[PDB]
Amino acid sequence: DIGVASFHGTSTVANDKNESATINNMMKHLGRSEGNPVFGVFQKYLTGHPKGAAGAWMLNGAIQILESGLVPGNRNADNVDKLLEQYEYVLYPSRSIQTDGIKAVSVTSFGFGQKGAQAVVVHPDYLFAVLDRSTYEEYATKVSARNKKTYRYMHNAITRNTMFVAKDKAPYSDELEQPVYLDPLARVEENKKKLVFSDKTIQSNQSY
Amino acid sequence: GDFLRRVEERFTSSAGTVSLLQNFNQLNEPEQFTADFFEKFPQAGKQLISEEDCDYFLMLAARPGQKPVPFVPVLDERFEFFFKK
Amino acid sequence: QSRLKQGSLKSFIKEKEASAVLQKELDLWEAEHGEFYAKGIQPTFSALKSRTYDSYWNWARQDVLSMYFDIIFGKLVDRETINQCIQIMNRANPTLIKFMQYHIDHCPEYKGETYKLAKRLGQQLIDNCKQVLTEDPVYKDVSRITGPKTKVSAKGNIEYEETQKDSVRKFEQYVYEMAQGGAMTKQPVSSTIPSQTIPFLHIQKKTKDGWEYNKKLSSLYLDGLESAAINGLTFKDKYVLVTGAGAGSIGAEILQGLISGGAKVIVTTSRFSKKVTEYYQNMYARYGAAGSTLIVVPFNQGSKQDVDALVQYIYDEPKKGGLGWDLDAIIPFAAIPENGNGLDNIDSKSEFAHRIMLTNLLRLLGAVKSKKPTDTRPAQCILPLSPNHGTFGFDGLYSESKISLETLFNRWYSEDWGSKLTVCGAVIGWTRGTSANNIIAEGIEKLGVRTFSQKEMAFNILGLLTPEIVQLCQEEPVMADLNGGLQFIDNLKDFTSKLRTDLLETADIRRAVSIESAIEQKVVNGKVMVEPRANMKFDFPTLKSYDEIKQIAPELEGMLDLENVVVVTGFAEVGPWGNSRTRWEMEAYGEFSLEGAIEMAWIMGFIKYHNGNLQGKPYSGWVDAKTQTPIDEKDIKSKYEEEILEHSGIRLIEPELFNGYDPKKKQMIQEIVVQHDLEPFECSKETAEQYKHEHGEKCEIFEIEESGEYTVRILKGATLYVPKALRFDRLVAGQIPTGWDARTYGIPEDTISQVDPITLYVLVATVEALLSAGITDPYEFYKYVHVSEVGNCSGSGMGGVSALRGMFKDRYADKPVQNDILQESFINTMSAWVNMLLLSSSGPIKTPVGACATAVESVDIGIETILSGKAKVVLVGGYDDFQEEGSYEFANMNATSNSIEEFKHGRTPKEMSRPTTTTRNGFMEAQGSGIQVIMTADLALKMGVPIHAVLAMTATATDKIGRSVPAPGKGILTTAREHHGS
Amino acid sequence: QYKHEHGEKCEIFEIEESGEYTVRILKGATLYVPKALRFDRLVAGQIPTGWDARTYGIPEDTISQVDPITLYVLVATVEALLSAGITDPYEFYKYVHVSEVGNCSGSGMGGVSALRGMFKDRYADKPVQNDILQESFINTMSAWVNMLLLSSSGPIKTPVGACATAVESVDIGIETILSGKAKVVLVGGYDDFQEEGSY
Amino acid sequence: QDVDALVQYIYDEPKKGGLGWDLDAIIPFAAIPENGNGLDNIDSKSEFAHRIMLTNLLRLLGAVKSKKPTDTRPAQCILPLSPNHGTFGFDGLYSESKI
Amino acid sequence: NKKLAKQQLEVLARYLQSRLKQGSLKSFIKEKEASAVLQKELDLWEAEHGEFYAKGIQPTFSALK
Amino acid sequence: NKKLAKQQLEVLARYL
């Protein structure tokens, strides 16, 4: 069910060889069916290589791959290395292909200093089946409302150039900062159209 | 009708198509026409007004040489102008 | 002194007269030949610019999956499907067989009749590929035989369309009608040819004088065509050199057929570019069969240097930089179109085109012959002969070149290159481009003669590359009249002009009558389209029905601790293609939609939203930035697409985005000891005292009694630093789109000035990720969570590079630098500022460092933080910035790709990053930030945020003992751990 | 290079006798004269004078290639393992898989000597190793610790916290152990004193 | 340039330095002998000779045509065709020019 | 010693006359690289066509001849 | 102008 492998894919001779090798070896040791390669996403072909944000961009791409079902192809894959035919459990598409659903994506990053890292991301549909119907309907209604709020805020701020709204003040005053902290059940409430902490909602028997 | 044209433009998928409201006279029975319009665009019934369309609505309400609308759309600085005119 | 004041002026005037001599020599050559012939002979070919395609093993699976999902979604049983099946069969190998077997034996049929169709077609194709196992790859053209047809609408509009012939559907029936011939041209297809009738495609035998139609050779050729049509045609072990095979030409279809049959083809392109490279790439990906190899080379057939260099490259061994190939066929179809050039208009263009078509062609053949010492492997030269030598109008030297190519038939005998080259002169007939002649194609066809498609002509020539015609050419030069009976038309030019003028005199009169009838109606009698605009949404994950989700997943209800299940609730980017949305559009589609284009223009500051009065008229919408004029949403794309793509993604490093950093002018300073002391300069008291402190006795300071300021004399033996510059090898980076500003997202200028651009990217990405999670207000976390459970586990690998450069270099230079630059240099100060500006959480705050693999490590630390109970919500991710010194050090260790070597190889910035590619030579450095808001599943459900996915696993690992820091290793194999000796 | 930088504000000429070039820095050219200032901070908590990595046995190849913060890390890691009684660092693997020996230590600004190299010595065109950036990273200390001593493939975390990074390293190590990712982990922190950081 | 200059000189009137003649016949028999030049020996000499025999011949004809505004006095171009187009041996581009 | 005295006096007089010692040498090297540019253009053409085709295209015709 | 000429001459004689 691991359909896509978001490769580090740095267009480096050692990196794309070693990474394909480890992905193939792990897929083979995990008893993956023969003739079932993981599709290779190589997002760095388009986005370049940010050292810090490499895995982050690849995870965001894997998120979007899970949502949409599309596996982007490495459009700079002029000619796949012949040495990578070695790896039967890896496929290297060069054109984006729309799939009927991707269950999971394996994001793999390799950093300088002998620092490999792997993340496995699974589709939300397998989370939504571990909860009863009524919880699902409540969740879906809440997300519908929130998507409406988000649509508004995004359009408000994209035109008015107020995407980032710096917080001038913390939700707690300097006077209430320490009760607010000192109560683990402290939670902000709406006051003056802002979510702030109040003396009444701190160390309250109602919260407990 | 201008608001309906704006909704058409908002929810057409980057494709210039035939306007449902080709002329204003067919809006004389607006319930059925609005129904057909928002069946063409079902997502407009679930999407809140994008604020570009909100500002367009506000300047439509404030369009001069037009009968002022029978409602207050906003409570900004020009609230007296909407309330008393 | 014994010096000459004017010696170097003498040398200058001497060199000026020498330059004049060279200039008048060049001007004489130029007036002799002309500017077209002049700038047409430049060297285009370069051995390092050659592009190899041989990964048919990969492309087979790629095309298999493409077709599989197309049928699964009903986008595709049909001839194009059968053609793709032929290609997949041509690439069939045991691994591919196992691949299709898995994907079909595990195709669920219950999902729909469409899935049942995908399955059964897959079983049929698996059987076909199993049968094809171990046998050769065959070029089998299965496209429907299309014919010309022109319709003049009653409004006078001429419309030409290629429409399937009623009596001919397959290439088998095409060959049958070729054998049958026509009224004008008067078990195998040998027995089909009518007596005293010349088939349209035939081979002419040379009598004791000229060339005449021959029955036996024509029957052999048509039988070869029939065999190719029914069984296909293998070109394995055929090394071809094809020129003039660009898109929309006969040569391109020839290349498609050769590479389908398994040939190893060197394709020439006179216009080498990324577009042409991608065209040949996907042509190999479609048609490149088992054993095929496509070598795309830049090449000018107008230059003998290019001809010799290409032939040398083909025949040189791989150790010497060549291909080590011995050509089996040559197809020099490269030509220059010359129209309106009569005898009096024979010009530089005509002479140059003649050179390409004849002289450099003969030179190419001669170079191949000179390179071959073997006499047992001739190269088959497919000469593009024409049936019309001057009969048509103003074509320059085209007819001269075409008729001159006919001398090779006699030169095959008269000279000693017979054993090295064989002559196959294909008299190519009327071929339909796929335009001025296409409208009269139907008229010329109606009289019995016929007109070919590019695919049909390519099929004819590829059949001329049959083994039977190959040996026929070896023993005897072949003249293949592929003219479709046009030779039997008296006064072809006059008939053609009559047809075209009749068609034009019909269409134009119909149009004029329609126009004037419309005007008459308007005199007697005295729909509005919708204007699209951006429908930008965020598209939270589509929440499906509970019944259908429980159908997806088994009875898993009430099993997982959702508090211990972590989920991505939000995410965002700041990268070379804007944010996550625009980057994803460019990734999955390669082009921006309307929403993508408007978003890119907005982030890049091409457009800004205007509300209120604009030139008096009330306007509410996007306006230009530099001109403030209205821009309709369609004109957003139409006006900003080219600039968005030019200034987004991987591109040349722009010094305006990196404080004037020009890699071509990389500034350095060199220590020099002053040999002759400098003249005084004036500075302040403290500056002079600092100079005396540094230089000791190697400088002097003196107070000016008039002004009170000090003057500094840098004595002999002092050291100073003279700036110097070097051309830096790396010129290209994955930079954030030009015009990207933090003000566009709304970060105050106070924050922009005090805080560094990496942190600005982090702030924008964190805001976008929270509002991707639907968190309009970041304090809304605290309505469900304690302030001590909102963490920030993101971190950079080297973040704060701009501040590091400040403190380490600008401070050394005494430039204005903020007192707290070190504060901004820390890798954790980005997360600090994120908390101070947005969250105000007291939750766990981790800042990983991982160089390239820090964002996944941030995710891992976030999972650990949430699962330990220290947090419920955490911001994970990673960020870095591109700067001069980081780029220079990545170049020192040969980690980044050398852009100069890439340009030597002909690569552009848009194709510089080549993951998992044969010729990849280092990574492409980029900049930006990427943030994800990850949460517990229970909390995500409680707050109703969009659960984008589930972080089922995250882990980090190290490799082993070594002495190579940047070397990757198999350490992260520690995520697949099991004993096999449940 | 001088002509490239200074444009028309300098002249270069080949000496026909020797073949080398002579550079004349014309009027209006910019040059950088060294100057010195008395810095307010004269006192630091420095490692004792005569402290050498050779005294602990780190080869001169490592001392030359790798930066002094990392030498301190290596000495401290060896001393900590043998404080734990781990004479041989591979003795972890007699009880634990190579995937469960982590290193969650990290610096706040580690690699400052390499940062100074790349940012200033490189600008001055002084001899600097081609791989100084790899030594400038904050995780390269743990990388070298693993490459020289442990050979583990366990979880590898490199916290940054400026002053409060060693306690954060301990916190990440507790999390790593309690999540099952590791059984043993090296937690701590390190920094070096240098001119620019002090300033 | 020689072709154009000679044609200009022929068709220019005596006052302007030419001959003031309208050509009734053209006999371009100028050729360069090229022997031992096969397909592999096609060289600068072969291309130059081909230019003389074909390309500048066509340019001479075209220049005469451009100079003639009259349509009632054609020039008879006696083209030196050959019966042997490549049948004989190593002649460079001679057969190509003739055909 | 004296030669250096004399050089420095010479450059000084140039300074105050507002004269440039190396200006015409600058012009010479500029013209030399221009000549190299023209020579490489001519060399490319020549290697593209050959010496025979090169020296065969000279102007022979002259109306006065 | 001339004074600067002369200052340069002057320092020159000093130098050598």
# chains A, B, ... in the order shown; residues from 1 in each chain; ligands from 1
>>> residues_around(residues="stretch 46-63 of chain E", least_positions_apart="5", cutoff="9 Å", atoms="only C-alpha atoms", output="ChimeraX atom specification")
/C:342-347,351,355,359,397,400 /E:3-4,6-8,26,28-34,37,41,68,75,77,91-94,96-98 /F:49,52-54,56-57
>>> closest_atom_pairs(of="chain D", to="chain C", cutoff="6 Å", atoms="only C-alpha atoms", output="Markdown table")
| residue | atom | partner | partner_atom | distance |
| --- | --- | --- | --- | --- |
| D:1 | CA | C:725 | CA | 4.9 |
| D:2 | CA | C:724 | CA | 4.6 |
| D:4 | CA | C:725 | CA | 5.7 |
| D:5 | CA | C:725 | CA | 4.6 |
| D:31 | CA | C:722 | CA | 4.7 |
| D:32 | CA | C:721 | CA | 4.7 |
| D:33 | CA | C:720 | CA | 4.6 |
| D:35 | CA | C:691 | CA | 4.6 |
| D:36 | CA | C:694 | CA | 4.6 |
| D:37 | CA | C:690 | CA | 5.5 |
| D:99 | CA | C:974 | CA | 5.9 |
| D:119 | CA | C:808 | CA | 5.9 |
| D:120 | CA | C:809 | CA | 5.8 |
| D:123 | CA | C:668 | CA | 5.0 |
| D:124 | CA | C:669 | CA | 5.1 |
| D:130 | CA | C:892 | CA | 5.1 |
| D:131 | CA | C:893 | CA | 5.6 |
| D:133 | CA | C:889 | CA | 5.9 |
| D:139 | CA | C:849 | CA | 5.9 |
| D:147 | CA | C:961 | CA | 4.0 |
| D:148 | CA | C:961 | CA | 5.8 |
| D:151 | CA | C:960 | CA | 4.2 |
| D:153 | CA | C:958 | CA | 4.3 |
| D:154 | CA | C:957 | CA | 4.9 |
| D:155 | CA | C:957 | CA | 4.8 |
| D:156 | CA | C:957 | CA | 5.7 |
| D:158 | CA | C:849 | CA | 5.1 |
| D:159 | CA | C:848 | CA | 4.8 |
| D:160 | CA | C:847 | CA | 5.1 |
| D:175 | CA | C:864 | CA | 5.9 |
>>> write_last_selection(atoms="N, CA and C atoms", output="PDB file, in the first residue's frame")
ATOM      1  N   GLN D   1      41.672  38.857 -12.170  1.00  0.00           N
ATOM      2  CA  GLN D   1      40.660  39.052 -11.138  1.00  0.00           C
ATOM      3  C   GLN D   1      40.591  40.512 -10.713  1.00  0.00           C
ATOM      4  N   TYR D   2      41.750  41.162 -10.593  1.00  0.00           N
ATOM      5  CA  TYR D   2      41.766  42.577 -10.236  1.00  0.00           C
ATOM      6  C   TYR D   2      41.084  43.418 -11.304  1.00  0.00           C
ATOM      7  N   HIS D   4      38.795  42.353 -13.379  1.00  0.00           N
ATOM      8  CA  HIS D   4      37.377  42.026 -13.302  1.00  0.00           C
ATOM      9  C   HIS D   4      36.687  42.836 -12.212  1.00  0.00           C
ATOM     10  N   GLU D   5      37.309  42.936 -11.036  1.00  0.00           N
ATOM     11  CA  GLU D   5      36.681  43.663  -9.936  1.00  0.00           C
ATOM     12  C   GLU D   5      36.668  45.166 -10.184  1.00  0.00           C
ATOM     13  N   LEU D  31      39.967  50.371  -2.125  1.00  0.00           N
ATOM     14  CA  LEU D  31      40.753  49.356  -1.441  1.00  0.00           C
ATOM     15  C   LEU D  31      40.382  49.344   0.034  1.00  0.00           C
ATOM     16  N   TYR D  32      40.776  48.267   0.706  1.00  0.00           N
ATOM     17  CA  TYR D  32      40.440  48.022   2.104  1.00  0.00           C
ATOM     18  C   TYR D  32      41.726  48.076   2.925  1.00  0.00           C
ATOM     19  N   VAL D  33      41.884  49.127   3.726  1.00  0.00           N
ATOM     20  CA  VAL D  33      43.036  49.238   4.622  1.00  0.00           C
ATOM     21  C   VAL D  33      42.659  48.631   5.972  1.00  0.00           C
ATOM     22  N   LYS D  35      42.281  48.184   9.880  1.00  0.00           N
ATOM     23  CA  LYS D  35      42.270  49.035  11.060  1.00  0.00           C
ATOM     24  C   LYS D  35      41.930  48.170  12.264  1.00  0.00           C
ATOM     25  N   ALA D  36      42.269  48.672  13.450  1.00  0.00           N
ATOM     26  CA  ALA D  36      42.121  47.921  14.687  1.00  0.00           C
ATOM     27  C   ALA D  36      41.426  48.776  15.734  1.00  0.00           C
ATOM     28  N   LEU D  37      40.613  48.123  16.562  1.00  0.00           N
ATOM     29  CA  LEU D  37      39.928  48.784  17.662  1.00  0.00           C
ATOM     30  C   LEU D  37      40.103  47.961  18.927  1.00  0.00           C
ATOM     31  N   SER D  99      20.475   0.330  15.672  1.00  0.00           N
ATOM     32  CA  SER D  99      19.423   1.307  15.434  1.00  0.00           C
ATOM     33  C   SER D  99      18.881   1.942  16.709  1.00  0.00           C
ATOM     34  N   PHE D 119      33.301  32.528   5.857  1.00  0.00           N
ATOM     35  CA  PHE D 119      32.766  33.872   5.678  1.00  0.00           C
ATOM     36  C   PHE D 119      33.837  34.954   5.608  1.00  0.00           C
ATOM     37  N   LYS D 120      34.996  34.762   6.243  1.00  0.00           N
ATOM     38  CA  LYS D 120      36.041  35.777   6.290  1.00  0.00           C
ATOM     39  C   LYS D 120      37.344  35.311   5.662  1.00  0.00           C
ATOM     40  N   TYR D 123      36.722  35.044   2.159  1.00  0.00           N
ATOM     41  CA  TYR D 123      36.704  36.401   1.548  1.00  0.00           C
ATOM     42  C   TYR D 123      38.104  37.021   1.384  1.00  0.00           C
ATOM     43  N   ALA D 124      38.996  36.727   2.314  1.00  0.00           N
ATOM     44  CA  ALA D 124      40.382  37.158   2.254  1.00  0.00           C
ATOM     45  C   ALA D 124      41.249  36.265   1.377  1.00  0.00           C
ATOM     46  N   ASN D 130      38.330  22.861   1.480  1.00  0.00           N
ATOM     47  CA  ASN D 130      37.205  22.911   0.549  1.00  0.00           C
ATOM     48  C   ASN D 130      35.895  22.522   1.226  1.00  0.00           C
ATOM     49  N   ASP D 131      35.966  21.735   2.299  1.00  0.00           N
ATOM     50  CA  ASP D 131      34.785  21.224   2.996  1.00  0.00           C
ATOM     51  C   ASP D 131      34.594  21.887   4.355  1.00  0.00           C
ATOM     52  N   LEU D 133      32.359  24.095   5.097  1.00  0.00           N
ATOM     53  CA  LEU D 133      30.934  24.223   5.388  1.00  0.00           C
ATOM     54  C   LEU D 133      30.396  22.991   6.104  1.00  0.00           C
ATOM     55  N   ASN D 139      25.168  19.841  13.366  1.00  0.00           N
ATOM     56  CA  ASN D 139      25.027  18.393  13.464  1.00  0.00           C
ATOM     57  C   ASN D 139      26.277  17.636  13.038  1.00  0.00           C
ATOM     58  N   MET D 147      30.896   8.798  13.335  1.00  0.00           N
ATOM     59  CA  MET D 147      31.808   8.262  12.334  1.00  0.00           C
ATOM     60  C   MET D 147      33.092   7.747  12.966  1.00  0.00           C
ATOM     61  N   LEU D 148      33.455   8.269  14.138  1.00  0.00           N
ATOM     62  CA  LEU D 148      34.722   7.906  14.755  1.00  0.00           C
ATOM     63  C   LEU D 148      34.568   6.902  15.892  1.00  0.00           C
ATOM     64  N   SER D 151      29.421   4.282  15.373  1.00  0.00           N
ATOM     65  CA  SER D 151      28.972   3.512  14.211  1.00  0.00           C
ATOM     66  C   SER D 151      27.514   3.086  14.355  1.00  0.00           C
ATOM     67  N   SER D 153      23.366   3.357  13.989  1.00  0.00           N
ATOM     68  CA  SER D 153      22.346   3.840  13.067  1.00  0.00           C
ATOM     69  C   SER D 153      21.087   4.249  13.816  1.00  0.00           C
ATOM     70  N   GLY D 154      21.239   4.689  15.063  1.00  0.00           N
ATOM     71  CA  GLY D 154      20.116   5.079  15.872  1.00  0.00           C
ATOM     72  C   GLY D 154      19.684   6.498  15.596  1.00  0.00           C
ATOM     73  N   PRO D 155      18.643   6.929  16.307  1.00  0.00           N
ATOM     74  CA  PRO D 155      18.101   8.273  16.073  1.00  0.00           C
ATOM     75  C   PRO D 155      19.155   9.342  16.304  1.00  0.00           C
ATOM     76  N   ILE D 156      19.155  10.345  15.435  1.00  0.00           N
ATOM     77  CA  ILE D 156      20.158  11.401  15.447  1.00  0.00           C
ATOM     78  C   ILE D 156      19.422  12.732  15.415  1.00  0.00           C
ATOM     79  N   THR D 158      19.777  16.948  16.564  1.00  0.00           N
ATOM     80  CA  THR D 158      20.738  18.013  16.837  1.00  0.00           C
ATOM     81  C   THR D 158      19.957  19.255  17.248  1.00  0.00           C
ATOM     82  N   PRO D 159      19.684  19.426  18.542  1.00  0.00           N
ATOM     83  CA  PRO D 159      18.932  20.607  18.973  1.00  0.00           C
ATOM     84  C   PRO D 159      19.754  21.883  18.843  1.00  0.00           C
ATOM     85  N   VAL D 160      19.052  22.997  18.647  1.00  0.00           N
ATOM     86  CA  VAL D 160      19.618  24.337  18.777  1.00  0.00           C
ATOM     87  C   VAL D 160      18.784  25.061  19.815  1.00  0.00           C
ATOM     88  N   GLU D 175      12.709  11.758  25.158  1.00  0.00           N
ATOM     89  CA  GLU D 175      11.636  11.444  24.221  1.00  0.00           C
ATOM     90  C   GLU D 175      12.040  10.306  23.291  1.00  0.00           C
TER      91      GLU D 175
END
>>> atom_distance(atom1="atom CA of residue F:42", atom2="atom CA of residue C:301")
19.7 Å
>>> residues_around(residues="residue G:16", least_positions_apart="6", cutoff="9 Å", atoms="only C-alpha atoms", output="VMD selection string")
chain F and resid 1 to 2 4 to 5
>>> write_last_selection(atoms="N, CA and C atoms", output="tab-separated table (two decimals), in the first residue's frame")
chain	number	residue	atom	x	y	z
F	1	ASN	N	68.20	53.04	-8.86
F	1	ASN	CA	68.26	54.17	-7.94
F	1	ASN	C	67.89	55.46	-8.66
F	2	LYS	N	68.83	55.98	-9.45
F	2	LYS	CA	68.55	57.18	-10.22
F	2	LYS	C	67.46	56.92	-11.25
F	4	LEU	N	64.97	54.95	-10.93
F	4	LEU	CA	63.68	54.97	-10.23
F	4	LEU	C	63.29	56.40	-9.85
F	5	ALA	N	64.25	57.19	-9.35
F	5	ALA	CA	64.05	58.63	-9.19
F	5	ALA	C	63.40	59.23	-10.43
>>> atom_distance(atom1="atom CA of residue C:624", atom2="atom CA of residue C:609")
8.6 Å
>>> residues_around(residues="residue B:51", least_positions_apart="6", cutoff="8 Å", atoms="only C-alpha atoms", output="list in words")
residues 152, 155 and 156 of chain A
>>> write_last_selection(atoms="C-alpha atoms", output="PDB file, in the first residue's frame")
ATOM      1  CA  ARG A 152     -12.948  34.265   3.953  1.00  0.00           C
ATOM      2  CA  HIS A 155      -9.381  36.207   0.470  1.00  0.00           C
ATOM      3  CA  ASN A 156      -9.549  39.080   2.978  1.00  0.00           C
TER       4      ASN A 156
END
>>> residues_around(residues="stretch 9-17 of chain F", least_positions_apart="6", cutoff="7 Å", atoms="only C-alpha atoms", output="short mmCIF file (atom, residue, chain, number, x, y, z; two decimals) with N, CA, C and O atoms, in the first residue's frame")
data_model
loop_
_atom_site.label_atom_id
_atom_site.label_comp_id
_atom_site.auth_asym_id
_atom_site.auth_seq_id
_atom_site.Cartn_x
_atom_site.Cartn_y
_atom_site.Cartn_z
N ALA G 5 51.69 69.84 -7.87
CA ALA G 5 52.86 69.42 -8.64
C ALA G 5 54.11 69.45 -7.77
O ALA G 5 54.89 68.49 -7.74
N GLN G 8 54.31 67.00 -4.89
CA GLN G 8 54.69 65.69 -5.39
C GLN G 8 56.19 65.63 -5.70
O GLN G 8 56.87 64.68 -5.29
N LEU G 9 56.72 66.63 -6.42
CA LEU G 9 58.17 66.70 -6.66
C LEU G 9 58.93 66.61 -5.34
O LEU G 9 59.97 65.93 -5.23
#
>>> select_by_dssp(residues="stretch 15-49 of chain B", states="alpha helix (DSSP H)", output="compact mmCIF listing (two decimals) with C-alpha atoms, in the first residue's frame")
# COMPACT_ATOMS: atom_id res chain seq x y z
CA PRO B 30 -36.15 35.45 -10.15
CA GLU B 31 -36.80 32.36 -8.00
CA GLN B 32 -36.65 29.83 -10.84
CA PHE B 33 -33.79 31.62 -12.57
CA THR B 34 -31.69 31.80 -9.40
CA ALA B 35 -32.45 28.11 -8.88
CA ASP B 36 -31.18 27.22 -12.37
CA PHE B 37 -28.18 29.52 -11.92
CA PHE B 38 -27.06 27.91 -8.66
CA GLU B 39 -27.75 24.43 -10.02
CA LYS B 40 -25.24 25.30 -12.72
>>> residues_around(residues="residue B:72", least_positions_apart="5", cutoff="10 Å", atoms="only C-alpha atoms", output="PyMOL selection string")
chain B and resi 58+61+79-83
>>> write_last_selection(atoms="N, CA and C atoms", output="PDB file, in the first residue's frame")
ATOM      1  N   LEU B  58     -20.617  45.930  -2.458  1.00  0.00           N
ATOM      2  CA  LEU B  58     -20.724  47.193  -1.735  1.00  0.00           C
ATOM      3  C   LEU B  58     -20.726  48.377  -2.695  1.00  0.00           C
ATOM      4  N   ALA B  61     -24.006  48.530  -4.356  1.00  0.00           N
ATOM      5  CA  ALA B  61     -24.989  49.156  -3.478  1.00  0.00           C
ATOM      6  C   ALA B  61     -24.798  50.666  -3.432  1.00  0.00           C
ATOM      7  N   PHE B  79     -22.262  54.908   7.158  1.00  0.00           N
ATOM      8  CA  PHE B  79     -23.482  54.251   7.612  1.00  0.00           C
ATOM      9  C   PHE B  79     -24.670  55.199   7.563  1.00  0.00           C
ATOM     10  N   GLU B  80     -24.449  56.485   7.842  1.00  0.00           N
ATOM     11  CA  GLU B  80     -25.537  57.454   7.746  1.00  0.00           C
ATOM     12  C   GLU B  80     -26.036  57.570   6.313  1.00  0.00           C
ATOM     13  N   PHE B  81     -25.113  57.541   5.349  1.00  0.00           N
ATOM     14  CA  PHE B  81     -25.488  57.611   3.941  1.00  0.00           C
ATOM     15  C   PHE B  81     -26.399  56.451   3.559  1.00  0.00           C
ATOM     16  N   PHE B  82     -26.138  55.259   4.101  1.00  0.00           N
ATOM     17  CA  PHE B  82     -26.997  54.111   3.819  1.00  0.00           C
ATOM     18  C   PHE B  82     -28.296  54.178   4.614  1.00  0.00           C
ATOM     19  N   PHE B  83     -28.238  54.714   5.833  1.00  0.00           N
ATOM     20  CA  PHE B  83     -29.378  54.656   6.740  1.00  0.00           C
ATOM     21  C   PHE B  83     -30.452  55.670   6.364  1.00  0.00           C
TER      22      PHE B  83
END
>>> interface_residues(of="chain D", to="chain A", cutoff="8 Å", atoms="only C-alpha atoms", output="list in words")
residues 134, 139, 140, 142, 143, 144 and 156 of chain D
>>> residues_around(residues="stretch 44-57 of chain D", least_positions_apart="5", cutoff="9 Å", atoms="only C-alpha atoms", output="PDB file with C-alpha atoms, in the first residue's frame")
ATOM      1  CA  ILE D  63      42.565  17.659  14.290  1.00  0.00           C
ATOM      2  CA  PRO D  68      38.018  22.534  17.710  1.00  0.00           C
ATOM      3  CA  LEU D  71      37.458  17.995  19.051  1.00  0.00           C
ATOM      4  CA  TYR D  72      35.960  19.034  22.393  1.00  0.00           C
ATOM      5  CA  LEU D  74      34.890  13.913  20.730  1.00  0.00           C
ATOM      6  CA  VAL D  75      36.937  14.136  23.929  1.00  0.00           C
ATOM      7  CA  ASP D 192      33.379  27.417  21.036  1.00  0.00           C
ATOM      8  CA  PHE D 193      34.573  30.922  21.807  1.00  0.00           C
ATOM      9  CA  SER D 198      32.267  37.398  21.376  1.00  0.00           C
TER      10      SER D 198
END
>>> interface_residues(of="chain E", to="chain F", cutoff="8 Å", atoms="only C-alpha atoms", output="PyMOL selection string")
chain E and resi 1-2+5-6+9+17-18+43-45+47-48
>>> atom_distance(atom1="atom CA of residue A:158", atom2="atom CA of residue A:59")
24.7 Å
>>> closest_residue(among="C:209, C:539, C:253, C:177", to="chain B", atoms="only C-alpha atoms")
C:539
>>> interface_residues(of="chain A", to="chain B", cutoff="10 Å", atoms="only C-alpha atoms", output="ChimeraX atom specification")
/A:144-145,147-160
>>> select_by_dssp(residues="stretch 151-271 of chain C", states="strand (DSSP E or B)", output="ChimeraX atom specification")
/C:151-152,158-160,163-164,202-206,211-213,233-234,239-243,264-269
>>> interface_residues(of="chain F", to="chain D", cutoff="9 Å", atoms="only C-alpha atoms", output="list in words")
residues 22, 25 and 26 of chain F
>>> interface_residues(of="chain G", to="chain C", cutoff="12 Å", atoms="only C-alpha atoms", output="list in words")
residues 4, 7, 8, 11, 12, 15 and 16 of chain G
